[PDB]
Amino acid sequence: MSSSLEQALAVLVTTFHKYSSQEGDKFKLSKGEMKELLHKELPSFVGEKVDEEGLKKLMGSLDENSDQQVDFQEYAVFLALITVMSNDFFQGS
């Protein structure tokens, strides 16, 4: 049976495809699509238990480059960055 981390990675893949399937190459999504994804699929990037500033700016940079295509590995980079900016494990220092 599937391990907890296998299941988590599976969900990273299906969430990616939920968006990547919508235009063009199914193995890509645009930075604009990724911004949509982060809005819709994750909790709020506002408040004192997250790096609100870092998250604001990360999201704004996705705007600046909305047409640029992102692969799965890059998507995971962005997810990892947001996770570090939002998860108490990291923000508690």
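Residue numbers run from 1 along the displayed sequence.
Engineer: Which has higher Cα B-factors on average according to the PDB entry: 62 to 70 or 49 to 57?
Structural biologist: Mean C-alpha B-factor is greater for 62 to 70.
Engineer: Taking the recorded C-alpha temperature factors, which stretch has the higher mean, 75 to 83 or 18 to 26?
Structural biologist: Here the higher of the two C-alpha B-factor means belongs to 18 to 26.
Engineer: For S93, return the chain-relative third of its C-alpha B-factor as stated in the PDB record: lowest, middle or highest.
Structural biologist: It falls in the top third of the chain.
Engineer: Which third, lowest, middle or highest, does the CA B-factor of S4 fall in along this chain?
Structural biologist: Middle third - that is where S4 ends up once the chain's C-alpha B-factors are sorted.
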